[PDB]
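A.B. asks: Got a structure for you, written out below as structure tokens; questions coming shortly.
Number of protein chains: 2
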Amino acid sequence: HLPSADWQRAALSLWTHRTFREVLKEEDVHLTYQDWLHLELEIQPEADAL
Amino acid sequence: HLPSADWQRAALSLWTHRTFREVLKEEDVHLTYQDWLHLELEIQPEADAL
Numbered sequence: 897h898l899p900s901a902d903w904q905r906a907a908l909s910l911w912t913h914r915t916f917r918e919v920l921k922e923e924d925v926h927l928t929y930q931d932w933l934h935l936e937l938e939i940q941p942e943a944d945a946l
Numbered sequence: 897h898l899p900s901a902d903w904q905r906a907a908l909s910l911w912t913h914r915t916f917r918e919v920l921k922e923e924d925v926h927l928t929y930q931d932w933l934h935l936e937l938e939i940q941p942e943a944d945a946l
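Chain order of the listed sequences is F and Z. In terms of UniProt numbering, the first sequence is residues 897 to 946. In terms of UniProt numbering, the second sequence is residues 897 to 946.
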């Protein structure tokens, strides 16, 4: 779909790596609902990638 | 009147002007709801005055 597939491969290899899974359990990094909102609020409807 | 003063003063001075009020009585020009739309829709949100 979107830019060069080695970038996507980096993304998915990191998403799949076990140590990343273990990092996702000692969580101040749980991506709070409000945190995600403070992110999503920022994207204007100009260049959305979607 | 023809001054080269700035546009804000120019436009509002014009809008005050009587003969323009008289022009705004003989209307294929009174800006139908759909006319308003056919101008409005084409603005993008990305660039805008407001």
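Note that beta-carbon positions come from the ideal geometry of N, C-alpha and C, so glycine has one too.
1. When the cut-off is 7 Å and only beta carbons count, does F:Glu942 lie next to chain Z?
2. Any idea what DSSP makes of F:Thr928, helix, strand or coil?
3. Looking at F:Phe916 and the ligand MN, is the gap between the Cβ and the nearest heavy atom below 6 Å?
4. Hey, how far is the Cα of Z:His926 from the Cα of Z:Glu918?
5. Using 8 Å as the threshold, is the segment 937-945 of chain F in touch with the segment 931-946 of chain Z, meaning 3 or more CB pairs across them?
6. Is the beta carbon of F:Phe916 sitting closer than 7 Å to the one on F:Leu910?
C.D. replies: To lay it out plainly:
1. Under the Cβ distance rule, F:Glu942 counts among the residues neighbouring chain Z, one pair being separated by less than 7 Å.
2. Assigned with DSSP and collapsed to three states, F:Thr928 falls in coil, not helix or strand.
3. The ligand MN is not among the ligands present in this structure, which contains no ligands whatsoever.
4. Their backbone Cα atoms lie some 12 Å apart in a straight line.
5. Contact between the segment 937-945 of chain F and the segment 931-946 of chain Z is present, because at least three Cβ pairs lie under 8 Å.
6. Contact: yes.
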